[PDB]
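Below you'll find only one chain, the form deposited in one PDB entry, shown as structure tokens.
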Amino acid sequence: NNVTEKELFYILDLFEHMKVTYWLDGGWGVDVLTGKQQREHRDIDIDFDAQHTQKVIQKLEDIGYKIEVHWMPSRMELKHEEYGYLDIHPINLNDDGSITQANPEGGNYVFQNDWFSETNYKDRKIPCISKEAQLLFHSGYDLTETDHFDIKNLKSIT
């Protein structure tokens, strides 16, 4: 019921073969920064180019993901019987150089371009948010025990 590394790679391969610009995020993004898997993962987080929103969703449905939560254009959660949960987040690659995301209650979140980078993971180049970005997106007041584990891993290993 968890997302295996090979299953992660398949989802990554989908976006890459679609030629849709994307970055790995969330828990799997953290492990990928460390260089190896650290724990079991319920879900995958992917930030992707919002201009391909319709193409991405249609493709995810084609392979059997069902839409469970739909807060678009900010965020959508899908569910696959085998591959598990996938959260996708449309991001805008803007002309000003900024990367933005729809704010569910009216407006845009503003992110810096350098938060979204790439790292080597088992001889594979994986686009993912930086270590600094993971920390920024975490709230130092409201961490789960797993969040604490993940953050200590980013510190203890990297």
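Shifts are known only where both forms have a C-alpha. Position 1 is the first residue in the sequence shown; the rest follow in order. Just so we're on the same page, rigid core means the largest C-alpha set that superposes within 1.5 Å between forms.
- With 139-147 and 20-28 compared on mean CA B-factor from the PDB entry, the stretch scoring higher is 139-147.
- Mean CA B-factor, 102-110 versus 47-55: the higher value falls on 102-110.
- Ranked within its chain, residue 72 lands in the highest third, by CA B factor from the PDB record.
- In the deposited entry, the Cα temperature factor of residue 152 places it in the middle third of its chain's modelled residues.
- In the PDB entry, residue 130 places in the lowest third of its chain by CA B-factor.
- Per the deposited record, the Cα B-factor of residue 120 falls in the highest third when ranked against the other modelled residues of its chain.
- Compared with the other modelled residues of the chain, the Cα B-factor recorded for residue 92 ranks in the lowest third.
Another form, the form deposited in another entry, is not on view; read the next lines as being about it.
- When the two forms are superposed on their rigid core between this form and the one not shown, the C-alpha shift of 2 Å or more among 120, 103, 51, 58 belongs solely to 103.
- After superposing on the rigid core, the stretches of 3 or more consecutive residues whose C-alphas move by 2 Å or more between this form and the one not shown are 94-98, 102-110, 156-158.
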